[PDB]
Amino acid sequence: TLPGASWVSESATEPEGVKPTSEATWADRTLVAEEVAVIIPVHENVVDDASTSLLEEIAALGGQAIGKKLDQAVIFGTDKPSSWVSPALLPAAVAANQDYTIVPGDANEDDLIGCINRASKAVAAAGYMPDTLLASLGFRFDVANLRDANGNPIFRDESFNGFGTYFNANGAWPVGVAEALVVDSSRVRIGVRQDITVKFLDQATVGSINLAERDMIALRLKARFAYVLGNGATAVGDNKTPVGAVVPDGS
Amino acid sequence: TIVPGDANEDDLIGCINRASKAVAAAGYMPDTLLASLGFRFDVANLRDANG
Amino acid sequence: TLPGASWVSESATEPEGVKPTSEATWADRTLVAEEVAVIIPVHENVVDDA
Amino acid sequence: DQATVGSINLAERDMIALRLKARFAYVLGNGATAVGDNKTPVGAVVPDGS
């Protein structure tokens with residue numbers, strides 16, 4: 001929160017002569033590392049009889065499963081661990097009224113490009129520097145098919161200048177919830193307490209399975225991650241959210 | 001399905017784009033278009049609202 | 001089929017402290033060769049006269 | 001040195017074990033021969049109590 005000045009008179013007796021008091025104020029926003037993990041058990045003979053390097057694929061698929069689970073918790077609040085006090089990116093924009101609904105059909109001030117402009121305006125008016133666009137696969141196809149009132153596809157050459165554009169490809173992004181998020185990426189941190197770490201198990205008990213007596217092995221995967229949003233005050237005023245969203249109609 | 005008439009978000013080109021969106025959103029790379037003879041003449045005759 | 005991960009807590013005794021097991025899976029997609037055929041009979045004299 | 005084998009948790013009992021294995025297969029070519037079909041390539045000699 002910011003302080004607040006006033007105009008003042010020259011007066012020894014009147015209230016308007018007094019220079020007023022006000023306070024700045026800080027808060028803390030926090031990274032708390034939470035653990036995301038999976039075990040994949042497989043038979044030791046099956047691993048030996050397989051034509052491909054089956055353990056390299058199990059490791060790579062587990063790493064992808066962890067990576068999806070992170071995006072699902074940061075972009076949406078999906079299975080967000082309760083120790084993350086910061087709102088997830090879409091819930092931040094929606095709670096701030098920065099979400100904007102598409103008006104379908106002909107190009108118009110609240111079409112998809114219009115809503116990306118409204119989302120960018122909300123973040124820039126809030127005192128931040130929007131620089132980053134998060135969208136699904138299929139977003140490039142929606143800008144490319146936005147016709148005008150005659151039928152002409154007017155946004156075929158639209159490249160989003162000044163934005164780094166990122167497309168979620170690991171299946172974290174749900175259908176029918178959001179088209180894109182605009183964000184000042186300087187106002188986020190992802191804490192990587194630990195990155196994807198893999199242990200070969202061969203003696204352990206996992207679920208009901210005693211690995212060694214059963215001729216089984218497993219690959220135990222984990223990472224430790226944190227997220228924080230710097231949604232403080234800016235030169236414009238108090239309690240400003242660095243995220244705007246574009247959402248489908250109906251929602 | 002195509003919306004017949006003047007060019008629109010669901011004209012023939014609009015539908016090809018929806019089919020491409022579906023295959024891309026499924027996690028594939030659409031790269032091949034199959035069509036009838038005469039398809040070429042329908043995209044060339046497709047007119048906006050000014051004709 | 002893809003495997004699936006979970007967020008886990010730290011505990012020696014409670015269920016939310018145990019890491020989940022899951023499975024990837026593969027299936028077969030198959031080429032079976034099938035035959036497509038025709039026979040076109042014509043009179044030998046018609047082939048000689050053509 | 002860490003596994004559970006039977007009901008023995010090896011580590012907390014200070015036991016150890018040696019886990020031995022092999023994978024073997026067998027096939028008999030008891031097919032047809034130039035003499036005829038369903039022919040067995042094995043004869044046997046058996047004790048007199050037979």
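Reckoned from all heavy atoms, side chains included, excluding hydrogens, waters and symmetry mates. Naming convention: chains lettered A, B, ... in sequence-line order (proteins, then strands); numbering from 1 in each chain.
Neither the backbone nor the side chain of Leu219(A) comes within contact range of chain C, judged by heavy atoms closer than 4.5 Å. With a threshold of 4.5 angstrom between heavy atoms, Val18(C) does not approach chain A through any atom at all. Contacts of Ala218(A) with chain C are absent, with no heavy-atom separation under 4.5 Å from either backbone or side chain. With a 4.5 angstrom heavy-atom cutoff, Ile58(A) touches chain C only via side-chain atoms.
Remark: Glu57(A) CD is loosely packed, at most 12 non-hydrogen atoms of other residues, nucleotides or ligands lying under 6.0 Å away. Summarising the local packing, CZ of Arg29(A) is surrounded by more than 12 heavy atoms from other residues, nucleotides or ligands at distances under 6.0 Å.
Going from atom CH2 of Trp7(C) over to atom CH2 of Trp84(A) covers 3.5 Å, rounded to the nearest 0.5 Å. For the atom pair CD of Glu35(A) and CD of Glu10(C), the computed distance is 6.5 Å after rounding to the nearest 0.5 Å. Distance CD/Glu23(C) to CD1/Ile39(A): 14.0 Å, rounded to 0.5 Å.
For the residue pair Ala37(A) and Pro20(C), the shortest heavy atom distance occurs at O-CG, 3.9 Å. Heavy atoms only, all atoms of each residue included: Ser22(C) and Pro41(A) are closest at O-CD, 4.0 Å. Looking at every heavy atom in both residues, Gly4(C) comes nearest to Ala65(A) through CA-CB, 4.3 Å. Summarising the geometry of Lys69(A) relative to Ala5(C), their closest heavy-atom pair is CD-O, 3.8 Å, with the distance given to 0.1 Å.
Side-chain contact between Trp26(C) and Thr52(A) is absent, with no heavy-atom pair separated by less than 4.5 Å. Side-chain contact between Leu61(A) and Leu2(C) is present, with heavy atoms from C-beta onward closer than 4.5 Å.
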